[PDB]
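Q: piece number one of the complex, untouched:
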Amino acid sequence: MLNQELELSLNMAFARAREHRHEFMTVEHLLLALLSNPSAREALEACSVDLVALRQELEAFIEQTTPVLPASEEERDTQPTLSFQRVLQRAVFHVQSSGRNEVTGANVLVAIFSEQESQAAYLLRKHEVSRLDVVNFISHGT
């Protein structure tokens, strides 16, 4: 089960991908919607992330590459890339092996790092963040 906030952030980015009529919702869509998620950004801020240079780089890349539906037919709905599906699952599955009943934004953030061929991850890694870093912050704070 996902925490109220994460689910907001999801419904948020989803609702955005329909308004711009994007065929697929990617990780990049996610990592991005994550940028304005309490739990997520705290971690990011804590790693000294340019919350603005990211947002740009992502918004920008989401654009150049996300196929858009033909204005013609509406018998199609935003399909989650496989990568999205996987991130989301690696996070639910971990929050599950910790007993705590709710998955947090940061929980998902850590997940993204594991989709090694996504941009969202290359971005995060370009901004000097690392899984450890995010994880270290969530486990203790430092």
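A: Nice, I can see it. Numbering: from 1, shown residues only, chains lettered A, B, ... in the order given.
Q: tell me which residues touch residue A:69, please.
A: For residue A:69, the contacting residues are A:21-23, A:76, by C-beta atoms under 8 Å, 6 or more residues apart in numbering. Heads up, the C-betas are built off the backbone N, CA and C, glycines and all.
Q: for the nearest residue to it once chain neighbours are set aside, the count of nearby residues, please.
A: Once flanking residues are discounted, residue A:69 sits nearest to residue A:21: 4.9 Å by C-beta to C-beta, 6 or more residues apart in numbering. Residue A:21 has 14 neighbours, counted by other C-beta atoms under 10 Å.
Q: distance check, residue A:21 against residue A:74.
A: As defined by C-beta to C-beta, to the nearest Å, residue A:21 lies at a distance of 9 Å from residue A:74.
Q: hang on, the earlier thing: show me the contacts for the residue nearest to residue A:69.
A: Under the criterion of C-beta under 8 Å, 6+ apart, the contact partners of residue A:21 comprise A:68-69, A:71.
Q: chain B comes next; put it on the structure above:
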Amino acid sequence: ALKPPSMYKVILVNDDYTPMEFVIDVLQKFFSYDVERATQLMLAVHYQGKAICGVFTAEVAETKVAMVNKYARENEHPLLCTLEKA
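A: Chain B goes in next, on the same frame as the chains above:
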């Protein structure tokens, strides 16, 4: 030291049992082609042996390859869809 993730070509591989109309349909449904081009591309597949249907981010292509392959599987034909690095 690090590089943004490659782009992937999404290929269609010819086979002797898949009906061409299916291939054409797959091309139209999953790649937004009009009949003119769709039929051509099919002819490539058929005579070339394979054909590049489009080029996307690895993250996306993996997904198109999966959808095309299922549809194939669901409509009971061996039409193979693959991907390659740009």
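Q: name the nearest residue to residue B:19, sequence neighbours excluded.
A: residue B:77 (6.9 Å; C-beta to C-beta, 6 or more residues apart in numbering or on different chains).
Q: swap in residue B:56?
A: The spatially closest residue to residue B:56, leaving aside those adjacent along the chain, is residue B:8, at 6.2 Å (C-beta to C-beta, 6+ apart).
Q: give me the neighbour count for that neighbour.
A: By the measure other C-beta atoms under 10 Å in any protein chain shown, the count of residues near residue B:8 is 23.
Q: name the SS class of the residue nearest to residue B:19, please.
A: Following DSSP: H, G, I helix; E, B strand; the rest coil, we place residue B:77 in the coil state.
Q: spatially central residue for chain B, please.
A: Closest residue to the average C-alpha location of chain B: residue B:12 at 3.7 Å, with C-alpha atoms, centre = their mean.
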